[PDB]
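Enquirer: part one of the complex, untouched from its place in the assembly:
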Amino acid sequence: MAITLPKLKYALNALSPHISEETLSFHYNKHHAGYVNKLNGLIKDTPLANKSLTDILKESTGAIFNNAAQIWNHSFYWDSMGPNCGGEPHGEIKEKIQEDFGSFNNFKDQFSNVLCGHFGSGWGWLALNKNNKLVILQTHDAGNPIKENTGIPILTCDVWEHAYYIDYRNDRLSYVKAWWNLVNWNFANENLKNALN
């Protein structure tokens, strides 16, 4: 089985007006697909040729790692959002956030601050750390908490300029605000359950 672009769990216009169908079209069909295509080009006729994405992520370095990790990161980004989502958390993730951050609003303010403050290309993460505490992390470029052994990812938000430039230009703040309307708490709950078990 060749490594492939996993399917979005919703339509290309499903996140609008918060993220436009045009953005998803480029972000998914050009950027995300391109990472898959480029990785497959790089590993062809190498000892990594028949490896799974998981194996590649563990073993590889350089541009091979960068493309592989971007594939994984973008799939986690799509899964971290959806239609008829956003708002206040619910379920276990509501308990866990209010516990570890005091309140949802405290978390949301800190997470927004990190997303808005990140310099250059990268990612913001909600993750569960080794002490089973929720933490906010940020990574540069293709970095993530799995590769960096800093925690188990629960949610992520992309802050590469290509994630928002079409809809928001330089106004990353407006993008981050829009993103809270999309956050998939069901995905967070599933990741949290699996992370604790």
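Expert: Perfect, thanks for sending it. Residues are numbered from 1 along each chain as shown, chains lettered A, B, ... in the order given.
Enquirer: helices of chain A, start to end?
Expert: A:21-26, A:33-43, A:53-59, A:62-79, A:92-101, A:104-117, A:165-168, A:172-179, A:185-196 (DSSP state H).
Enquirer: give the buried residues for the longest one.
Expert: Translated: helix A:62-79. By neighbour count on 16 or more other CB atoms under 10 Å, the buried set for helix A:62-79 is A:64-79. (C-beta placed from N, C-alpha, C; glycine too.)
Enquirer: tell me which of these is nearest to residue A:1?
Expert: residue A:71 (14.3 Å; CB to CB).
Enquirer: do you know how far that closest one is from residue A:6?
Expert: 9 Å (CB to CB, to the nearest Å).
Enquirer: with residue A:143 instead?
Expert: Following CB to CB, the distance that separates residue A:143 from residue A:6 is 20 Å.
Enquirer: looking at these two, which one has more neighbours?
Expert: Between residue A:143 and residue A:6, counted using other CB atoms under 10 Å, the more crowded position is residue A:143 (20 against 15).
Enquirer: check contacts around the more buried one.
Expert: A:69, A:122-123 (CB atoms under 8 Å, 6 or more residues apart in numbering).
Enquirer: relative to its centroid, which residue of chain A is most remote?
Expert: Distance from the centre of chain A peaks at residue A:45, with 30.0 Å (CA atoms, centre = their mean).
Enquirer: now that one: how far from residue A:61?
Expert: Residue A:45 sits 18 Å away from residue A:61, going by CB to CB.
Enquirer: could you export stretch A:171-189 as PDB, CA atoms only?
Expert: C-alpha atoms of stretch A:171-189 as PDB (Å, rounded to 0.1, in the frame of the first residue of the first chain):
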ATOM      1  CA  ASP A 171      -4.500  39.100  10.000                       C
ATOM      2  CA  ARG A 172      -3.600  35.900  11.800                       C
ATOM      3  CA  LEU A 173      -5.600  37.100  14.800                       C
ATOM      4  CA  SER A 174      -8.900  36.900  12.800                       C
ATOM      5  CA  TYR A 175      -8.000  33.400  11.600                       C
ATOM      6  CA  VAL A 176      -7.400  32.200  15.200                       C
ATOM      7  CA  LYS A 177     -10.700  33.700  16.300                       C
ATOM      8  CA  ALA A 178     -12.400  32.000  13.300                       C
ATOM      9  CA  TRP A 179     -10.800  28.700  14.200                       C
ATOM     10  CA  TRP A 180     -12.500  28.500  17.600                       C
ATOM     11  CA  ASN A 181     -15.800  28.100  15.700                       C
ATOM     12  CA  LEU A 182     -14.400  24.900  14.100                       C
ATOM     13  CA  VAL A 183     -12.600  23.000  16.900                       C
ATOM     14  CA  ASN A 184     -13.700  19.400  17.000                       C
ATOM     15  CA  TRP A 185     -14.200  18.500  20.700                       C
ATOM     16  CA  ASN A 186     -15.300  15.000  19.800                       C
ATOM     17  CA  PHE A 187     -11.900  14.400  18.200                       C
ATOM     18  CA  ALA A 188     -10.200  15.800  21.300                       C
ATOM     19  CA  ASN A 189     -12.300  13.500  23.500                       C
END
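Enquirer: let's put chain B on the structure above:
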Amino acid sequence: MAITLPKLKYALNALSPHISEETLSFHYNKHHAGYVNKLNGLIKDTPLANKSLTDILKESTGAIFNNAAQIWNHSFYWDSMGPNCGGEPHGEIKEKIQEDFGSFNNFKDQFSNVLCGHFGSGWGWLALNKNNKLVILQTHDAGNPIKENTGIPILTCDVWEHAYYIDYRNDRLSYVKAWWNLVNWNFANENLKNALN
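Expert: Once chain B is put in with the chains from before, the structure reads:
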């Protein structure tokens, strides 16, 4: 004198269709201006408050350096381009590129390769090294050859996504091709002459 945004030496539509009017307006009036404004905000009421950009570049770290460096980098980028420019080099820079790269075409293909393969936010540089040889360099985020002590800058091209996303989206290759129509060989000659003297 407070640190200020240097004036552009050309109109905001002087580089179209290679770089659009809209790109210059966001890139200069929002991004570059923003680095000036953020720098000035950060040094206010600190020991760096009344320092010049030059002083701040040699002393500072973290966000302060990032903003200061980006101010310098963008000013260098605007000066590296112009209307009625582009094409084959001329003057001393022609001789120098011919010698150090064998030909203009070899330099151009290498520099294009470096500009296109750079992962994440960054810059490509033509620079004079300590052996008075021209070299191709790349830096991440706000990095530049002065800070990194790797060479004296001659020309630069911005490859942060915001430099090209408005006009080309993910197609950095088209942006890089367009940029060769803009490269200011007169600036390259002035830089090379000051660097050798």
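Enquirer: again for the contacts of residue A:143, since chain B is there now?
Expert: Applying CB atoms under 8 Å, 6 or more residues apart in numbering or on different chains to residue A:143 gives the contacts A:69, A:122-123.
Enquirer: any chance of these in CSV with distance to residue B:91 as columns?
Expert: Output for the contacts of residue A:143, formatted as CSV (distance: CB to CB, whole Å):
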residue, distance to residue B:91
A:69, 45
A:122, 41
A:123, 45
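Enquirer: tell me the one among these nearest to residue B:187.
Expert: Nearest member of the contacts of residue A:143 to residue B:187, counting by CB to CB, is residue A:122, at 32.0 Å.
Enquirer: beta-bridge partners for that closest one, please?
Expert: residue A:140 (DSSP bridges).
Enquirer: that one reaches residue A:137, doesn't it?
Expert: No. Using CB atoms under 8 Å, residue A:122 makes no contact with residue A:137, being 10.2 Å away.
Enquirer: what about the nearest residue to residue A:193 once chain neighbours are set aside, distance to residue A:156?
Expert: Leaving aside its chain neighbours, residue A:193 sits nearest to residue A:92 (6.8 Å; criterion: CB to CB, 6 or more residues apart in numbering or on different chains). For residue A:92, the distance to residue A:156 (CB to CB) stands at 19 Å.
Enquirer: between the two, who's got more neighbours?
Expert: residue A:156 (24 against 15; other CB atoms under 10 Å in any protein chain shown).
Enquirer: up against chain B, what does chain A have?
Expert: A:26, A:30-31, A:34, A:63, A:66, A:119-121, A:140-142, A:160-162, A:165-166, A:169-170 (CB under 8 Å from any CB of the partner chain).
Enquirer: among those, which ones are buried?
Expert: Neighbour-count burial (16 or more other CB atoms under 10 Å in any protein chain shown) applied to those gives A:26, A:31, A:66, A:119-121, A:141-142, A:160-162, A:165-166, A:169-170.
Enquirer: for the residue farthest from the centre of chain A, what are phi and psi?
Expert: With angles defined as degrees, to the nearest 10, residue A:45 sits at phi 60, psi 30.
Enquirer: need the contact list for the nearest residue to residue A:30 once chain neighbours are set aside.
Expert: The spatial neighbour of residue A:30 that comes closest, neighbours along the chain excluded (CB to CB, 6+ apart), is residue B:170 at 4.7 Å. Remark: with contacts taken as CB under 8 Å, 6+ apart, residue B:170 is in contact with A:26, A:30-31, A:34, A:162.
Enquirer: in contact with residue A:25, which residues?
Expert: Residue A:25 touches residue A:12, counting by CB under 8 Å, 6+ apart.
Enquirer: what is the burial count for the nearest residue to residue A:85 once chain neighbours are set aside?
Expert: Nearest non-adjacent residue to residue A:85, counting by CB to CB, 6+ apart: residue A:184, 4.8 Å away. Applying other CB under 10 Å, we find 21 residues neighbouring residue A:184.
Enquirer: with only the CA atoms kept, save stretch A:124-142 in CSV.
Expert: Presented in CSV, the C-alpha positions along stretch A:124-142 are these (Å, rounded to 0.1, in the frame of the first residue of the first chain):
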residue,chain,number,x,y,z
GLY,A,124,0.1,25.0,18.1
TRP,A,125,-0.9,21.9,20.0
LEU,A,126,-3.0,20.8,22.9
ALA,A,127,-1.3,17.7,24.2
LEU,A,128,-1.4,15.4,27.2
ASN,A,129,2.1,15.3,28.9
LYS,A,130,3.8,12.4,30.7
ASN,A,131,2.2,13.3,34.0
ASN,A,132,-1.2,13.1,32.3
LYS,A,133,-1.7,16.9,32.3
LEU,A,134,-2.9,18.9,29.4
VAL,A,135,-0.3,21.4,28.1
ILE,A,136,0.0,23.9,25.3
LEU,A,137,2.9,23.4,23.0
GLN,A,138,4.2,25.0,19.8
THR,A,139,6.5,23.6,17.2
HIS,A,140,8.4,25.1,14.3
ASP,A,141,7.9,24.1,10.6
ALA,A,142,7.1,20.3,10.5
